[PDB]
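Residue numbers (the deposited numbering): 1 to 251.
Virtual Cβ for every residue (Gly too), placed ideally from N, Cα, C.
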Ligand SMILES: [Zn+2]
Ligand SMILES: [Zn+2]
Ligand SMILES: [Zn+2]
Ligand SMILES: [Zn+2]
């Protein structure tokens with residue numbers, strides 16, 4: 001549909017990452033304010049999550065237990081916070097250089113786009129064994145998403161492309177998006193449809209699984225969209241750091 005709502009967040013300064021959970025709570029990294037905020041479905045009351053020490057936080061993800069993960073790229077680290085907790089945990093990633101995106105699968109594995117090092121890395125839940133995923137020839141990989149089957153999707157914007165890698169595969173596929181210019185956020189729905197913020201064209205596009213028929217989502221008044229997320233009903237959420245807002249569009 002074209003049913004668009006601006007969510008009632010307040011005081012945002014360059015929102016960047018966005019994620020939505022199974023309850024419809026929307027999480028946003030307020031990049032210029034070094035904080036992560038949330039709004040429950042239908043709520044009017046934005047809440048700041050109790051992270052501390054962030055410097056340009058960027059990607060955000062939320063697992064099935066409500067633990068929130070944030071890439072803190074100024075500090076080359078990934079931080080998590082269990083729902084309701086006041087102690088944040090710095091995950092044991094090593095050698096990150098400006099990490100931009102984070103995703104978490106149903107087993108709790110955490111995937112990070114290590115933007116400055118041209119790689120995607122992961123940690124299984126509770127492990128210190130960082131593993132590099134066998135993508136090929138990435139160049140400033142930026143956004144990352146993981147679907148219910150463990151396929152990992154990456155905006156490989158230094159190569160102006162979106163790639164995907166099935167769980168256990170050693171051979172990535174390049175998705176046939178049309179007309180991209182430097183993609184940033186990526187998200188994937190329960191049907192495997194892939195949503196991408198085509199940042200250099202100020203638009204959000206989608207491609208159903210295995211399809212070549214790209215659709216531009218009918219948002220109106222987008223200025224500089226950046227991050228994208230999609231909920232279990234197919235509603236799409238986009239951060240716009242040109243006008244400091246978060247917009248949602250029903251399916
Ligand atoms: Zn950033
Ligand atoms: Zn980037
Ligand atoms: Zn980004
Ligand atoms: Zn941007």
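The alpha-carbon separation between residue 211 and residue 176 amounts to approximately 8 Å. Here residue 182 is not bridged, per DSSP, to any residue. Per the coordinates, the alpha-carbon of residue 165 lies some 11 Å from the alpha-carbon of residue 145.
The set of residues whose C-beta lies within less than 7 Å of a heavy atom of ligand 2 reads, in chain order, 100, 115, 140, 142, 157, 184. A straight-line Cα-Cα distance of about 16 Å links residue 182 and residue 241. At a cut-off of 8 Å, the beta-carbon of residue 227 counts as near ligand 3: some heavy atom of the ligand is closer than that.
Residues 134 of the same chain have their beta carbon placed closer than 8 Å to that of residue 170, with the five preceding and five following residues left out of the count. For residue 142, the three-state secondary structure derived from DSSP is strand. The residues 48, in chain order, have a CB closer than 6 Å to that of residue 35 in the same chain once the five nearest residues on each side in sequence are set aside. Among the bridge pairs identified by DSSP, residue 53 is matched with none. In chain order, 181, 182 place their CB closer than 7 Å to the CB of residue 200, counting only its own chain and leaving out the 5 sequence neighbours on each side. A Cβ-Cβ distance of about 6 Å is found for the pair residue 153 and residue 194, placing them in contact under the 8 Å criterion. Only residues of its own chain outside the window of five on either side were considered, and among them 189, 251 have a CB closer than 7 Å to the CB of residue 234, listed in chain order. Sequence-distant Cβ neighbours of residue 130 in its own chain, meaning closer than 7 Å and more than five residues away, are 93, 94, 121, 123. Secondary structure at residue 200: helix, using DSSP grouped into helix, strand and coil. No residue range can be given for residue 133, since it is assigned to no beta strand (DSSP E) and is classified by DSSP as neither H nor E. Straight-line measurement puts the Cα of residue 19 at about 14 Å from the Cα of residue 9.
The beta carbons of residue 28 and residue 61 sit no closer together than 9 Å. At a Cβ-Cβ threshold of 9 Å, residue 72 and residue 84 do not count as neighbours. DSSP, reduced to helix, strand and coil, places residue 241 outside both helices and strands of the structure shown, so it counts as coil. The DSSP-derived three-state label of residue 17 is strand. Excluding its 5 nearest sequence neighbours in each direction, residue 151 has C-beta neighbours in its own chain below 6 Å: 164, 166, listed in chain order. In this structure, DSSP gives residue 11 a state outside helix and strand, which the three-state scheme calls coil.
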